[PDB]
Amino acid sequence: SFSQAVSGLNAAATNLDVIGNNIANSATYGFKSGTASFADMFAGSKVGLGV
Amino acid sequence: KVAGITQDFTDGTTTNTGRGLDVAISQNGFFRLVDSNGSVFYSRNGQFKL
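Residues numbered from 1 in each chain as written, not as in the entry; some residues may be left out. Chains lettered and ligands numbered in written order. Part of a larger assembly, values for the part shown. Heavy atoms only, no water.

- What the deposited record gives as its method is cryo-EM, and the resolution it gives is 2.86 Å.

Shown next as structure tokens:
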């Protein structure tokens, strides 16, 4: 439906923000890079819910 | 002759919202609520605030 698509759009935005952050901070001296990890959601039924 | 109007308590679709204070029962049940006068009501809408 609309909810799964808008959750996918919302979760593919932090996955670009944390890459833009690394691209920006790839010149400093004490930095440790970061990443994100996703996981699916489920209600009581068998159809999915989003991400 | 129209007999009577009846509801339908089929479970709806759970939809993801994202905010903090929101709950959703996944099987049968209701939340219990009290007015400022003293009667008790039973609800299923789960939007809560302080």
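**Topic: the packing of aromatic side chains**
All names here are of chain B.
In step 1: Overall, the coordinates contain two aromatic pairs over all chains when judged by the stated rule.
In step 2: Each ring, one from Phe-9 and one from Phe-30, has its centre 6.2 Å from the other, and the planes form 90 degrees; the classification is edge-to-face. Highlighted residues: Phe-9 in the segment before β1 (31-34) and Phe-30 in the segment before β1, separated in sequence by 21 residues.
In step 3: Where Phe-31 meets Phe-48, the ring centres are 5.9 Å apart and the plane angle is 85 degrees; that geometry is what we call edge-to-face. Taken together, the residues span a long stretch of sequence, with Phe-31 in strand β1 and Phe-48 in the segment after β2 (40-43) at a distance of 17 residues. (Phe/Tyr/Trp six-rings, centres within 6.5 Å; stacked < 30°, edge-to-face > 60°. Helix = DSSP H or I, 4+ residues; strand = E, 2+ residues; numbered from the N terminus.)

**A word on the pairing of β2 of chain B**
Residue and element names in this part refer to chain B.
In step 1: Two elements, β1 and β2, share four bridges in a ladder whose sense is antiparallel. Residue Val-34 lies in a different strand from β2, and its bridge partner there is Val-40.
In step 2: Hairpin connection between β1 and β2: a loop of five residues separates the two successive antiparallel strands, and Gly-38 in this loop has a positive phi of roughly 140 degrees. (Pairing = 2+ DSSP bridges.)

**Quick notes on the environment of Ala-43 of chain A**
In step 1: Looking at where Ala-43 of chain A falls in the secondary structure, it is placed in the segment after α1 (2-25).
In step 2: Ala-43 of chain A has contacts with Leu-49 of chain A together with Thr-14 of chain B, leaving out every residue within four places of it along the chain. (Contact = heavy atoms within 4.5 Å.)

**Considerations on the environment of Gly-20 of chain A**
Residues and elements named next belong to chain A.
In step 1: Inspection of the secondary structure assignment puts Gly-20 in helix α1.
In step 2: On the basis of relative accessible area, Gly-20 is assigned to the partly exposed category, the value being 39%.
In step 3: Once the C-alpha coordinates of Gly-20 and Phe-2 are considered, the two residues, 18 residues apart in sequence, prove to be 27 Å apart. (Buried < 20%, exposed > 50% of the residue type's maximum accessible area, 1.4 Å probe, protein only.)

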